[PDB]
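Report on the structure given below.
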Amino acid sequence: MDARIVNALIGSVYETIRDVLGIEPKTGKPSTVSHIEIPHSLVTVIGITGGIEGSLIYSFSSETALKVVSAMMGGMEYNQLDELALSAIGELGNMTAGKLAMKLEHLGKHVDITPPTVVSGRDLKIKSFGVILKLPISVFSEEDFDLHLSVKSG
Amino acid sequence: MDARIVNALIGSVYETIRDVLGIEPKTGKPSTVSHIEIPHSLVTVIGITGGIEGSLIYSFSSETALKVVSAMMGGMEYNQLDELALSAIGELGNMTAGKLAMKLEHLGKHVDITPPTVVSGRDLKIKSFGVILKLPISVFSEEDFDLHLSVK
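From first to last, the protein sequence lines stand for chains A and B.
Counting from 1, position 69 in the first sequence corresponds to residue 69 in my numbering; the numbering is continuous, with no gaps.
Counting from 1, position 91 in the second sequence corresponds to residue 1091 in my numbering; the numbering is continuous, with no gaps.
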């Protein structure tokens, strides 16, 4: 996969979780993986079409979901994964793909971002297609966001 | 939601769950829902961009899944749900969305399709965004496939 892409992703995650959560993230080291293990119970999926067709998938614990939402809410404490709570997460990732989309444009990659689809369950397993990039991310805890970027084509 | 779309969807599903699986299915009755109530454990999610922004979410069971595989793999037998089985499952949803897209093209709207993502779990709950259309499908069992098309 193109480092430009990998970099384009990194910047989007960095800039985004800084403006929305107000905290500077710690991007980890890029890494190709064969499948996707979800240790959590909350997973979001965002499609991408065009220059590159695949996806952006990120998940995390319920405890982290809260700190996340509470952060988007300016500071208001929180502890209830209501409907808006799911929208919070969905909004976070959407804004991310939103920035990733713009950055790919500059480099000449015209892609379109799909709305998010937030899934939550117990023993979760996902099956994506294309080459799976893994980007380690530390927001509040050490690596509390295990994000992936699939590229079927592009 | 533009019935001209539900139109392209049910026909797409129909014409696809028909040629790929060789069986004509019964499309239930189009419903409008406030959210997606997941009655199964395996979902196939496919996204739409362009003319419309939304998704296509097939919901089916593990049992229902292997019957699709066998129905695709020349009708032989299939017991485990391994990667191949999975890739088959996606292609089916993918071939559908592909036809939905193709029908959309002829009515003005230009849309692009995302590759599918199969997810599975205990106590599933999918949060979707936008307006939603529910369409029940019966292939083998009665309503063994519940599909949702959330939009813009």
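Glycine is no exception: its CB is placed at the ideal position from the N, C-alpha and C atoms.
Cutoff 8 Å: residue i Cβ touching any chain A Cβ
| i | result |
| --- | --- |
| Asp1112 of chain B | yes |
| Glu1142 of chain B | no |
| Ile1126 of chain B | yes |
| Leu1104 of chain B | no |
| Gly1090 of chain B | yes |
Span of the beta strand (DSSP E), counted from its first residue to its last, around residue i
| i | result |
| --- | --- |
| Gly130 of chain A | No beta strand (DSSP E) contains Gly130 of chain A, which DSSP labels as neither H nor E. |
| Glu1015 of chain B | No beta strand (DSSP E) contains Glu1015 of chain B, which is instead part of the alpha helix (DSSP H) from 1003-1019. |
Residue range of the unbroken alpha helix (DSSP H) whose run includes residue i
| i | result |
| --- | --- |
| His106 of chain A | 83-106 |
| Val151 of chain A | Counting along the chain, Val151 of chain A falls outside any alpha helix (DSSP H), though it belongs to the beta strand (DSSP E) covering 145-153. |
Backbone CA spacing between residue i and residue j [nearest angstrom]
| i | j | result |
| --- | --- | --- |
| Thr1032 of chain B | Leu133 of chain A | 37 Å |
| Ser141 of chain A | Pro1025 of chain B | 49 Å |
| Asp1082 of chain B | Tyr78 of chain A | 40 Å |
| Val111 of chain A | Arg1004 of chain B | 27 Å |
| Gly47 of chain A | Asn7 of chain A | 19 Å |
| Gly1074 of chain B | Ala1101 of chain B | 27 Å |
| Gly1051 of chain B | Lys109 of chain A | 19 Å |
| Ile23 of chain A | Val68 of chain A | 10 Å |
| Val139 of chain A | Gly90 of chain A | 17 Å |
| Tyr1014 of chain B | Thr1027 of chain B | 7 Å |
| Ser1041 of chain B | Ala65 of chain A | 23 Å |
| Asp146 of chain A | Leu135 of chain A | 7 Å |
Neighbour list for residue i in chain A, Cβ cutoff strictly below 9 Å
| i | result |
| --- | --- |
| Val1020 of chain B | Simply none; closest approach about 18 Å. |
Contact set between residue i and chain B, taken where Cβ atoms lie within less than 8 Å
| i | result |
| --- | --- |
| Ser34 of chain A | Here the premise fails: no neighbours, minimum Cβ distance about 10 Å. |
| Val6 of chain A | Within chain B, no residue comes near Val6 of chain A; the closest Cβ sits about 19 Å away, beyond 8 Å. |
Chain-ordered neighbours of residue i on chain B, where CB pairs are closer than 7 Å
| i | result |
| --- | --- |
| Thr49 of chain A | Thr1049, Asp1112, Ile1113, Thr1114 |
| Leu147 of chain A | Ordered by position in chain B, no residue passes the 7 Å Cβ test against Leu147 of chain A, which lies about 14 Å from the chain. |
Neighbouring residues, chain A, relative to residue i (Cβ below 8 Å)
| i | result |
| --- | --- |
| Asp1123 of chain B | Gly121, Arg122 |
DSSP bridge partner residues for residue i (one or two, in chain order)
| i | result |
| --- | --- |
| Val1118 of chain B | A:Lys127, B:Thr1044 |
| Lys26 of chain A | A:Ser138 |
Chain B contact for residue i (CB, 8 Å cutoff)
| i | result |
| --- | --- |
| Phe129 of chain A | yes |
Proximal chain B residues relative to residue i, where beta-carbon distance stays under 9 Å
| i | result |
| --- | --- |
| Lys152 of chain A | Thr1114, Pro1115 |
Within chain A, the residues that residue i reaches when beta carbons sit closer than 7 Å
| i | result |
| --- | --- |
| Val1068 of chain B | What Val1068 of chain B touches in chain A: nothing, since even the nearest Cβ is about 15 Å away. |
| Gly1054 of chain B | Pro115 |
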